[PDB]
>>> print(open('work.pdb').read())   # PDB, C-alpha atoms and all ligand atoms
ATOM      1  CA  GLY Q  14      -7.774  13.955 -45.915
ATOM      2  CA  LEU Q  15      -4.804  15.661 -44.234
ATOM      3  CA  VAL Q  16      -6.568  15.915 -40.873
ATOM      4  CA  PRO Q  17      -9.170  13.963 -38.896
ATOM      5  CA  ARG Q  18     -12.694  15.311 -39.342
ATOM      6  CA  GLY Q  19     -13.677  15.458 -35.675
ATOM      7  CA  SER Q  20     -16.330  13.713 -33.615
ATOM      8  CA  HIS Q  21     -19.821  14.361 -35.025
ATOM      9  CA  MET Q  22     -21.907  17.261 -33.657
ATOM     10  CA  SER Q  23     -19.170  18.373 -31.246
ATOM     11  CA  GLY Q  24     -19.575  15.015 -29.523
ATOM     12  CA  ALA Q  25     -16.070  14.665 -28.084
ATOM     13  CA  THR Q  26     -15.602  14.804 -24.317
ATOM     14  CA  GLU Q  27     -13.793  17.979 -23.226
ATOM     15  CA  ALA Q  28     -10.317  17.415 -21.753
ATOM     16  CA  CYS Q  29      -7.481  19.562 -20.394
ATOM     17  CA  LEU Q  30      -3.720  20.160 -20.592
ATOM     18  CA  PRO Q  31      -2.806  21.746 -17.239
ATOM     19  CA  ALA Q  32       0.735  23.131 -17.392
ATOM     20  CA  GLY Q  33       1.542  23.066 -13.682
ATOM     21  CA  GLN Q  34       3.139  20.542 -11.339
ATOM     22  CA  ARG Q  35       1.223  17.248 -11.460
ATOM     23  CA  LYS Q  36       0.619  15.381  -8.211
ATOM     24  CA  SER Q  37      -0.293  11.711  -7.942
ATOM     25  CA  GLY Q  38      -3.850  10.906  -6.819
ATOM     26  CA  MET Q  39      -7.197  12.499  -6.199
ATOM     27  CA  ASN Q  40      -8.379  15.047  -3.667
ATOM     28  CA  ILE Q  41     -11.031  13.830  -1.265
ATOM     29  CA  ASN Q  42     -13.350  16.400   0.377
ATOM     30  CA  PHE Q  43     -15.702  15.292   3.177
ATOM     31  CA  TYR Q  44     -19.082  16.894   3.928
ATOM     32  CA  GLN Q  45     -21.666  16.434   6.653
ATOM     33  CA  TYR Q  46     -24.484  13.997   5.961
ATOM     34  CA  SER Q  47     -27.125  13.089   8.517
ATOM     35  CA  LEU Q  48     -27.406   9.593   9.977
ATOM     36  CA  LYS Q  49     -30.534   7.794   8.612
ATOM     37  CA  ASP Q  50     -31.228  10.509   6.038
ATOM     38  CA  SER Q  51     -32.391   8.332   3.173
ATOM     39  CA  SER Q  52     -33.783  11.151   1.072
ATOM     40  CA  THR Q  53     -31.256  13.982   0.638
ATOM     41  CA  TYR Q  54     -28.873  11.895  -1.469
ATOM     42  CA  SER Q  55     -31.708  10.843  -3.800
ATOM     43  CA  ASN Q  56     -31.690  14.227  -5.545
ATOM     44  CA  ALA Q  57     -29.464  14.858  -8.597
ATOM     45  CA  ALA Q  58     -28.790  18.489  -7.609
ATOM     46  CA  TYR Q  59     -27.569  17.355  -4.187
ATOM     47  CA  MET Q  60     -25.251  14.706  -5.687
ATOM     48  CA  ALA Q  61     -23.870  17.034  -8.367
ATOM     49  CA  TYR Q  62     -23.170  20.083  -6.200
ATOM     50  CA  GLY Q  63     -25.553  20.574  -3.229
ATOM     51  CA  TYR Q  64     -23.404  18.376  -1.020
ATOM     52  CA  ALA Q  65     -21.003  21.309  -0.783
ATOM     53  CA  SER Q  66     -23.635  23.528   0.883
ATOM     54  CA  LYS Q  67     -23.446  21.345   4.002
ATOM     55  CA  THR Q  68     -20.563  21.707   6.461
ATOM     56  CA  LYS Q  69     -17.158  20.720   5.042
ATOM     57  CA  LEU Q  70     -15.570  18.313   7.496
ATOM     58  CA  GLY Q  71     -12.049  18.150   6.068
ATOM     59  CA  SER Q  72     -10.044  16.780   3.171
ATOM     60  CA  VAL Q  73      -7.178  14.486   2.230
ATOM     61  CA  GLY Q  74      -5.125  14.727  -0.928
ATOM     62  CA  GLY Q  75      -3.072  12.435  -3.099
ATOM     63  CA  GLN Q  76      -5.366   9.387  -2.968
ATOM     64  CA  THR Q  77      -4.909   6.640  -5.590
ATOM     65  CA  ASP Q  78      -6.676   3.791  -3.799
ATOM     66  CA  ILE Q  79     -10.254   4.981  -4.255
ATOM     67  CA  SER Q  80     -12.759   2.162  -3.701
ATOM     68  CA  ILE Q  81     -14.957   2.370  -0.592
ATOM     69  CA  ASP Q  82     -15.409  -0.653   1.657
ATOM     70  CA  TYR Q  83     -16.577   0.363   5.124
ATOM     71  CA  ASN Q  84     -17.748  -2.267   7.651
ATOM     72  CA  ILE Q  85     -19.379  -1.403  10.995
ATOM     73  CA  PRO Q  86     -17.993  -2.844  14.236
ATOM     74  CA  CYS Q  87     -19.358  -5.974  15.877
ATOM     75  CA  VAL Q  88     -18.839  -5.644  19.648
ATOM     76  CA  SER Q  89     -18.457  -9.351  20.334
ATOM     77  CA  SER Q  90     -17.384 -11.777  22.997
ATOM     78  CA  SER Q  91     -13.795 -11.730  21.737
ATOM     79  CA  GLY Q  92     -13.459  -7.920  21.265
ATOM     80  CA  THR Q  93     -14.575  -5.336  18.687
ATOM     81  CA  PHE Q  94     -13.965  -6.244  15.028
ATOM     82  CA  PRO Q  95     -15.310  -4.956  11.669
ATOM     83  CA  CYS Q  96     -18.060  -7.205  10.274
ATOM     84  CA  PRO Q  97     -18.239  -7.914   6.507
ATOM     85  CA  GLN Q  98     -21.881  -7.181   5.587
ATOM     86  CA  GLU Q  99     -22.402 -10.642   4.021
ATOM     87  CA  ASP Q 100     -21.313 -12.185   7.351
ATOM     88  CA  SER Q 101     -23.938 -10.276   9.370
ATOM     89  CA  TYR Q 102     -26.993 -12.301  10.369
ATOM     90  CA  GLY Q 103     -29.935 -12.361  12.766
ATOM     91  CA  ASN Q 104     -30.553  -9.427  15.121
ATOM     92  CA  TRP Q 105     -27.569  -9.407  15.010
ATOM     93  CA  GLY Q 106     -24.357 -11.404  14.928
ATOM     94  CA  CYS Q 107     -21.296 -11.638  12.704
ATOM     95  CA  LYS Q 108     -20.189 -15.050  11.415
ATOM     96  CA  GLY Q 109     -17.204 -16.217  13.435
ATOM     97  CA  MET Q 110     -17.889 -13.699  16.224
ATOM     98  CA  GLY Q 111     -21.246 -14.696  17.726
ATOM     99  CA  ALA Q 112     -23.854 -12.103  18.715
ATOM    100  CA  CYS Q 113     -22.935  -8.406  18.546
ATOM    101  CA  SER Q 114     -24.074  -6.227  21.468
ATOM    102  CA  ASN Q 115     -23.977  -2.890  19.603
ATOM    103  CA  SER Q 116     -26.612  -1.181  17.438
ATOM    104  CA  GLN Q 117     -26.334  -1.256  13.648
ATOM    105  CA  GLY Q 118     -28.162   2.072  13.573
ATOM    106  CA  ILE Q 119     -25.892   4.550  15.358
ATOM    107  CA  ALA Q 120     -22.978   6.645  14.003
ATOM    108  CA  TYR Q 121     -19.480   5.110  14.191
ATOM    109  CA  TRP Q 122     -16.149   6.939  13.966
ATOM    110  CA  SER Q 123     -13.277   5.468  11.977
ATOM    111  CA  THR Q 124     -10.342   6.404   9.764
ATOM    112  CA  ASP Q 125     -11.415   3.804   7.135
ATOM    113  CA  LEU Q 126     -12.165   6.431   4.486
ATOM    114  CA  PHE Q 127      -8.716   7.508   3.248
ATOM    115  CA  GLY Q 128      -7.337   7.869   6.788
ATOM    116  CA  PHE Q 129      -9.600  10.790   7.657
ATOM    117  CA  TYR Q 130     -11.277  10.456  11.077
ATOM    118  CA  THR Q 131     -15.010  10.853  10.501
ATOM    119  CA  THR Q 132     -18.279   8.862  10.543
ATOM    120  CA  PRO Q 133     -18.361   6.513   7.522
ATOM    121  CA  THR Q 134     -21.881   5.511   8.575
ATOM    122  CA  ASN Q 135     -23.082   8.976   7.595
ATOM    123  CA  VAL Q 136     -21.042  11.227   5.344
ATOM    124  CA  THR Q 137     -20.727  12.504   1.760
ATOM    125  CA  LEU Q 138     -17.417  12.688   0.000
ATOM    126  CA  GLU Q 139     -16.244  14.225  -3.256
ATOM    127  CA  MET Q 140     -13.228  12.831  -5.114
ATOM    128  CA  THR Q 141     -11.703  15.097  -7.773
ATOM    129  CA  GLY Q 142      -8.724  14.793 -10.064
ATOM    130  CA  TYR Q 143      -7.824  14.114 -13.689
ATOM    131  CA  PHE Q 144      -7.827  10.738 -15.412
ATOM    132  CA  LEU Q 145      -4.909  10.247 -17.787
ATOM    133  CA  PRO Q 146      -5.740   7.648 -20.468
ATOM    134  CA  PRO Q 147      -2.641   5.733 -21.625
ATOM    135  CA  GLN Q 148      -4.500   4.409 -24.700
ATOM    136  CA  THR Q 149      -6.973   6.049 -27.080
ATOM    137  CA  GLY Q 150     -10.383   4.372 -27.141
ATOM    138  CA  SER Q 151     -13.466   3.524 -25.172
ATOM    139  CA  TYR Q 152     -13.189   3.357 -21.374
ATOM    140  CA  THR Q 153     -15.977   1.820 -19.336
ATOM    141  CA  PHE Q 154     -16.147   3.016 -15.721
ATOM    142  CA  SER Q 155     -18.199   1.001 -13.273
ATOM    143  CA  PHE Q 156     -19.456   0.740  -9.749
ATOM    144  CA  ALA Q 157     -19.809  -2.966  -8.733
ATOM    145  CA  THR Q 158     -22.495  -1.926  -6.241
ATOM    146  CA  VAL Q 159     -23.561   1.334  -4.572
ATOM    147  CA  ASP Q 160     -24.170   1.596  -0.789
ATOM    148  CA  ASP Q 161     -25.829   4.125  -0.534
ATOM    149  CA  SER Q 162     -25.734   6.723  -3.363
ATOM    150  CA  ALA Q 163     -23.024   7.779  -5.849
ATOM    151  CA  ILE Q 164     -22.301   9.483  -9.168
ATOM    152  CA  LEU Q 165     -19.206   9.475 -11.391
ATOM    153  CA  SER Q 166     -18.615  12.230 -13.944
ATOM    154  CA  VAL Q 167     -15.925  12.521 -16.587
ATOM    155  CA  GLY Q 168     -14.993  15.518 -18.715
ATOM    156  CA  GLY Q 169     -14.357  19.222 -18.710
ATOM    157  CA  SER Q 170     -17.541  21.101 -17.807
ATOM    158  CA  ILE Q 171     -19.122  17.841 -16.551
ATOM    159  CA  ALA Q 172     -16.841  16.822 -13.679
ATOM    160  CA  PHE Q 173     -15.404  20.356 -13.156
ATOM    161  CA  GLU Q 174     -13.734  23.019 -15.332
ATOM    162  CA  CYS Q 175     -10.162  22.540 -16.645
ATOM    163  CA  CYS Q 176      -7.410  24.007 -14.434
ATOM    164  CA  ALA Q 177     -10.100  24.685 -11.755
ATOM    165  CA  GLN Q 178     -10.135  21.404  -9.802
ATOM    166  CA  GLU Q 179     -10.321  23.172  -6.395
ATOM    167  CA  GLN Q 180     -13.295  25.433  -7.228
ATOM    168  CA  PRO Q 181     -16.802  25.011  -5.849
ATOM    169  CA  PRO Q 182     -18.625  22.199  -7.705
ATOM    170  CA  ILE Q 183     -20.216  22.963 -11.065
ATOM    171  CA  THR Q 184     -23.889  22.271 -11.602
ATOM    172  CA  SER Q 185     -23.782  19.675 -14.381
ATOM    173  CA  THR Q 186     -26.011  16.650 -13.794
ATOM    174  CA  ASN Q 187     -24.781  14.908 -16.982
ATOM    175  CA  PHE Q 188     -23.406  11.999 -14.980
ATOM    176  CA  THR Q 189     -21.205   9.350 -16.591
ATOM    177  CA  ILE Q 190     -22.501   6.845 -14.015
ATOM    178  CA  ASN Q 191     -25.804   7.629 -12.305
ATOM    179  CA  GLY Q 192     -25.808   5.559  -9.121
ATOM    180  CA  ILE Q 193     -28.164   7.847  -7.226
ATOM    181  CA  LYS Q 194     -30.306   5.934  -4.720
ATOM    182  CA  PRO Q 195     -33.840   5.722  -6.158
ATOM    183  CA  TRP Q 196     -36.744   7.092  -4.165
ATOM    184  CA  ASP Q 197     -38.382   3.701  -4.718
ATOM    185  CA  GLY Q 198     -36.018   0.899  -3.877
ATOM    186  CA  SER Q 199     -32.631   0.637  -5.458
ATOM    187  CA  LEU Q 200     -30.497  -0.017  -8.483
ATOM    188  CA  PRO Q 201     -28.892  -3.107  -9.990
ATOM    189  CA  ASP Q 202     -25.204  -3.828  -9.433
ATOM    190  CA  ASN Q 203     -22.488  -3.358 -12.094
ATOM    191  CA  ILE Q 204     -23.685   0.080 -13.130
ATOM    192  CA  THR Q 205     -21.524   1.563 -15.828
ATOM    193  CA  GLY Q 206     -20.745   4.483 -18.104
ATOM    194  CA  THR Q 207     -18.497   4.728 -21.152
ATOM    195  CA  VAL Q 208     -16.339   7.648 -22.365
ATOM    196  CA  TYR Q 209     -14.149   7.775 -25.515
ATOM    197  CA  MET Q 210     -10.803   9.251 -24.493
ATOM    198  CA  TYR Q 211      -7.676  10.372 -26.330
ATOM    199  CA  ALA Q 212      -4.318   9.266 -24.878
ATOM    200  CA  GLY Q 213      -2.308  11.895 -23.041
ATOM    201  CA  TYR Q 214      -5.095  14.420 -22.348
ATOM    202  CA  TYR Q 215      -6.163  14.985 -18.734
ATOM    203  CA  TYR Q 216      -9.905  14.291 -18.252
ATOM    204  CA  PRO Q 217     -11.545  15.844 -15.174
ATOM    205  CA  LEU Q 218     -12.982  13.094 -12.970
ATOM    206  CA  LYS Q 219     -15.433  13.589 -10.096
ATOM    207  CA  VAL Q 220     -16.942  10.874  -7.851
ATOM    208  CA  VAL Q 221     -19.538  11.883  -5.224
ATOM    209  CA  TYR Q 222     -20.453   9.164  -2.702
ATOM    210  CA  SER Q 223     -22.843   9.153   0.267
ATOM    211  CA  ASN Q 224     -23.908   6.777   3.065
ATOM    212  CA  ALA Q 225     -26.720   7.268   5.623
ATOM    213  CA  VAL Q 226     -26.426   4.109   7.747
ATOM    214  CA  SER Q 227     -23.992   1.359   8.749
ATOM    215  CA  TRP Q 228     -22.102  -0.279   5.830
ATOM    216  CA  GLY Q 229     -20.794   1.821   2.964
ATOM    217  CA  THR Q 230     -19.549   0.332  -0.326
ATOM    218  CA  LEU Q 231     -18.408   1.675  -3.698
ATOM    219  CA  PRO Q 232     -16.043  -0.589  -5.655
ATOM    220  CA  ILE Q 233     -14.722   1.514  -8.549
ATOM    221  CA  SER Q 234     -13.256   0.042 -11.755
ATOM    222  CA  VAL Q 235     -12.462   1.009 -15.337
ATOM    223  CA  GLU Q 236     -12.079  -1.216 -18.358
ATOM    224  CA  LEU Q 237      -9.389   0.090 -20.715
ATOM    225  CA  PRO Q 238      -9.549   0.004 -24.528
ATOM    226  CA  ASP Q 239      -7.297  -3.105 -24.442
ATOM    227  CA  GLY Q 240      -9.915  -4.977 -22.427
ATOM    228  CA  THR Q 241      -8.006  -5.051 -19.140
ATOM    229  CA  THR Q 242      -9.584  -3.809 -15.927
ATOM    230  CA  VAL Q 243      -8.153  -1.492 -13.289
ATOM    231  CA  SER Q 244      -9.954  -1.838  -9.939
ATOM    232  CA  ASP Q 245      -9.597   0.155  -6.641
ATOM    233  CA  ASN Q 246      -5.991   1.230  -7.122
ATOM    234  CA  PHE Q 247      -5.855   3.907  -9.831
ATOM    235  CA  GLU Q 248      -2.150   4.716  -9.354
ATOM    236  CA  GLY Q 249      -0.705   5.923 -12.654
ATOM    237  CA  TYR Q 250      -4.131   6.974 -13.942
ATOM    238  CA  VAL Q 251      -5.330   9.749 -11.602
ATOM    239  CA  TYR Q 252      -3.633  13.077 -10.812
ATOM    240  CA  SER Q 253      -4.306  16.463  -9.262
ATOM    241  CA  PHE Q 254      -3.177  19.973 -10.214
ATOM    242  CA  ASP Q 255      -3.375  23.158  -8.113
ATOM    243  CA  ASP Q 256      -5.865  25.624  -9.652
ATOM    244  CA  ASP Q 257      -4.554  27.910 -12.367
ATOM    245  CA  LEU Q 258      -7.461  29.990 -13.550
ATOM    246  CA  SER Q 259      -5.029  32.139 -15.571
ATOM    247  CA  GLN Q 260      -3.860  29.366 -17.894
ATOM    248  CA  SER Q 261      -5.681  30.470 -21.043
ATOM    249  CA  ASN Q 262      -5.007  27.409 -23.153
ATOM    250  CA  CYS Q 263      -5.921  24.832 -20.506
ATOM    251  CA  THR Q 264      -9.265  23.638 -21.924
ATOM    252  CA  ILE Q 265      -9.303  21.332 -24.977
ATOM    253  CA  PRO Q 266     -12.938  21.296 -26.145
ATOM    254  CA  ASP Q 267     -12.277  18.713 -28.802
ATOM    255  CA  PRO Q 268      -9.301  16.451 -28.307
ATOM    256  CA  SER Q 269     -10.332  14.597 -31.491
ATOM    257  CA  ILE Q 270      -8.870  17.512 -33.596
ATOM    258  CA  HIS Q 271      -6.421  19.223 -31.192
TER
HETATM  259 CL    CL Q 301     -14.246  -2.128  14.082
HETATM  260 CL    CL Q 302     -21.134 -16.800  14.642
HETATM  261 GD    GD Q 303      -8.607  -0.138  -1.381
HETATM  262 GD    GD Q 304      -5.265   0.030   0.534
HETATM  263 GD    GD Q 305     -11.856   0.128   3.548
HETATM  264 GD    GD Q 306     -16.375  -6.230   1.719
HETATM  265 GD    GD Q 307      -9.253   2.399   4.220
HETATM  266 GD    GD Q 308      -9.839  -1.908   5.555
HETATM  267 GD    GD Q 309      -8.453  -0.210   2.599
HETATM  268 GD    GD Q 310     -17.165  25.244 -19.506
HETATM  269 GD    GD Q 311     -25.413   1.947   3.974
HETATM  270 GD    GD Q 312     -14.320  -6.192 -23.032
HETATM  271 GD    GD Q 313      -7.382  -3.168   0.368
HETATM  272 GD    GD Q 314      -4.549  24.688  -4.035
END
>>> encode(input="work.pdb", output="structure tokens", more="lines below")
Ligand SMILES: [Cl-]
Ligand SMILES: [Cl-]
Ligand SMILES: [Gd]
Ligand SMILES: [Gd]
Ligand SMILES: [Gd]
Ligand SMILES: [Gd]
Ligand SMILES: [Gd]
Ligand SMILES: [Gd]
Ligand SMILES: [Gd]
Ligand SMILES: [Gd]
Ligand SMILES: [Gd]
Ligand SMILES: [Gd]
Ligand SMILES: [Gd]
Ligand SMILES: [Gd]
Amino acid sequence: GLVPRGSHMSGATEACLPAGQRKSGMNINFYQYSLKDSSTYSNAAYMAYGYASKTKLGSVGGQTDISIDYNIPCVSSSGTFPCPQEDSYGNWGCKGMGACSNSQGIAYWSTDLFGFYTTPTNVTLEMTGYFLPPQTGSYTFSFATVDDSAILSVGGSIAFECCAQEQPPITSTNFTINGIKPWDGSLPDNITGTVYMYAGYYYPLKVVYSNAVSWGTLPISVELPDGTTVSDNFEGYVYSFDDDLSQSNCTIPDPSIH
């Protein structure tokens, strides 16, 4: 057969070929999220798009280093230092620092999240951009843990529409990784989602992450078709393009036959 037959039942993930100037990294938008709100981010509609109905706090572009690792301060005898959550103990201290005099349960302001000055204790952020696979095959995205609630979505019309990265979020809840905080309790670690991608096509990628209290954590990785893993620093894999809603040919519904 002269040509490949195509993925069965239109099963290929939609990708894009934006024609404009590529820029390294993802866009990060920040939205208000209330301290100690442990219920809003438990809803799929909120995590897919509703987050954008709350106040937009700001944004930062061009981010390649995308894992989240936010530690609250311990106000200690020797000064004020971030405490790794596994080093917190009692009511409360931080190993190596003694007892901390400050509350774990108030908002704290920091530039930890991508340099943007906000409250990582209580915030929702949206990362958007396009993933560029260097190799054709199965990619397995993962979150090592989720503190507090997160989704990851890959593909045109799942993450966002091709050539329309800057538009309001779309309503798809077909998450690649569903790390939404359960109403009852929470999820295992090493939560994962696989996508088959064709080299050289740009795959829309959206991550939505929220925290309600104190520590925030979202270690992001992808395993490539060759079995290697890229963790935290996605330089060379993630890009942004300015919207071009006029670019007629931008959407590739089936890269398996394009
Ligand atoms: Cl600190
Ligand atoms: Cl100690
Ligand atoms: Gd990092
Ligand atoms: Gd870094
Ligand atoms: Gd960090
Ligand atoms: Gd950590
Ligand atoms: Gd940081
Ligand atoms: Gd840091
Ligand atoms: Gd960092
Ligand atoms: Gd679409
Ligand atoms: Gd948290
Ligand atoms: Gd493997
Ligand atoms: Gd780092
Ligand atoms: Gd723009």
>>> residues_near_ligand(input="work.pdb", ligand="ligand GD 314 (chain Q)", cutoff="10 Å", atoms="only C-alpha atoms and all ligand atoms", output="PyMOL selection string")
chain Q and resi 177-180+253-257
>>> residues_around(input="work.pdb", residues="region 228-234 of chain Q", least_positions_apart="6", cutoff="7 Å", atoms="only C-alpha atoms", output="list in words")
residues 80, 81, 82, 83, 84, 85, 98, 133, 134, 154, 155, 156, 157, 158, 159, 160, 161, 242, 243, 244 and 245 of chain Q
>>> closest_residue(input="work.pdb", among="Q:125, Q:260, Q:91, Q:194", to="ligand GD 313 (chain Q)", atoms="only C-alpha atoms and all ligand atoms")
Q:125
>>> closest_atom_pairs(input="work.pdb", of="chain Q", to="ligand CL 301 (chain Q)", cutoff="8 Å", atoms="all atoms listed in the file", output="CSV")
residue,atom,partner,partner_atom,distance
Q:84,CA,Q:CL301,CL,7.3
Q:85,CA,Q:CL301,CL,6.0
Q:86,CA,Q:CL301,CL,3.8
Q:87,CA,Q:CL301,CL,6.6
Q:93,CA,Q:CL301,CL,5.6
Q:94,CA,Q:CL301,CL,4.2
Q:95,CA,Q:CL301,CL,3.9
Q:96,CA,Q:CL301,CL,7.4
Q:123,CA,Q:CL301,CL,7.9
>>> residues_near_ligand(input="work.pdb", ligand="ligand GD 307 (chain Q)", cutoff="7 Å", atoms="all atoms listed in the file", output="short mmCIF file (atom, residue, chain, number, x, y, z; two decimals) with C-alpha atoms, keeping the file's coordinate frame")
data_model
loop_
_atom_site.label_atom_id
_atom_site.label_comp_id
_atom_site.auth_asym_id
_atom_site.auth_seq_id
_atom_site.Cartn_x
_atom_site.Cartn_y
_atom_site.Cartn_z
CA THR Q 124 -10.34 6.40 9.76
CA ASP Q 125 -11.42 3.80 7.14
CA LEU Q 126 -12.16 6.43 4.49
CA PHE Q 127 -8.72 7.51 3.25
CA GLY Q 128 -7.34 7.87 6.79
#
>>> closest_residue(input="work.pdb", among="Q:40, Q:238, Q:14, Q:136", to="residue 53 (chain Q)", atoms="all atoms listed in the file")
Q:136
>>> resolve_selection(input="work.pdb", expression="the PyMOL selection byres (((chain Q and resi 55) around 10) and not hetatm)", output="MDAnalysis selection string")
chainID Q and resid 50:54 56:60 161:163 192:197 223
>>> closest_residue(input="work.pdb", among="Q:119, Q:247, Q:225, Q:267", to="residue 22 (chain Q)", atoms="all atoms listed in the file")
Q:267
>>> residues_near_point(input="work.pdb", point="(-23.0, -3.5, 17.1)", cutoff="6 Å", atoms="all atoms listed in the file", output="list in words")
residues 86, 87, 88, 113, 114, 115, 116 and 117 of chain Q
>>> closest_residue(input="work.pdb", among="Q:146, Q:111, Q:31, Q:168", to="residue 251 (chain Q)", atoms="all atoms listed in the file")
Q:146
>>> atom_distance(input="work.pdb", atom1="CA of residue 73 (chain Q)", atom2="CA of residue 39 (chain Q)")
8.7 Å
>>> axis_aligned_box(input="work.pdb", around="region 180-195 of chain Q", padding_each_side="8 Å", output="JSON")
{"center_x": -23.6, "center_y": 15.5, "center_z": -10.9, "size_x": 36.5, "size_y": 35.9, "size_z": 28.3}
>>> residues_near_ligand(input="work.pdb", ligand="ligand CL 302 (chain Q)", cutoff="10 Å", atoms="only C-alpha atoms and all ligand atoms", output="VMD selection string")
chain Q and resid 89 100 to 102 105 to 113
>>> atom_distance(input="work.pdb", atom1="CA of residue 167 (chain Q)", atom2="CA of residue 218 (chain Q)")
4.7 Å
>>> closest_residue(input="work.pdb", among="Q:97, Q:118, Q:33, Q:206", to="ligand GD 308 (chain Q)", atoms="only C-alpha atoms and all ligand atoms")
Q:97
>>> resolve_selection(input="work.pdb", expression="the PyMOL selection byres (((chain Q and resi 64) around 10) and not hetatm)", output="VMD selection string")
chain Q and resid 43 to 46 53 to 54 58 to 63 65 to 69 136 to 139 182 221 to 223
>>> residues_around(input="work.pdb", residues="residue 271 (chain Q)", least_positions_apart="2", cutoff="12 Å", atoms="all atoms listed in the file", output="number ranges by chain")
Q: 16-20, 25, 27-30, 211-214, 262, 264-269
>>> atom_distance(input="work.pdb", atom1="CA of residue 190 (chain Q)", atom2="CA of residue 152 (chain Q)")
12.4 Å
>>> resolve_selection(input="work.pdb", expression="the PyMOL selection byres (((not hetatm)) within 7 of (chain Q and resi 310))", output="PDB file with C-alpha atoms, in the frame of the given file")
ATOM      1  CA  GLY Q 169     -14.357  19.222 -18.710  1.00  0.00           C
ATOM      2  CA  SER Q 170     -17.541  21.101 -17.807  1.00  0.00           C
ATOM      3  CA  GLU Q 174     -13.734  23.019 -15.332  1.00  0.00           C
TER       4      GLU Q 174
END
>>> closest_residue(input="work.pdb", among="Q:246, Q:187, Q:224, Q:261", to="ligand GD 304 (chain Q)", atoms="all atoms listed in the file")
Q:246
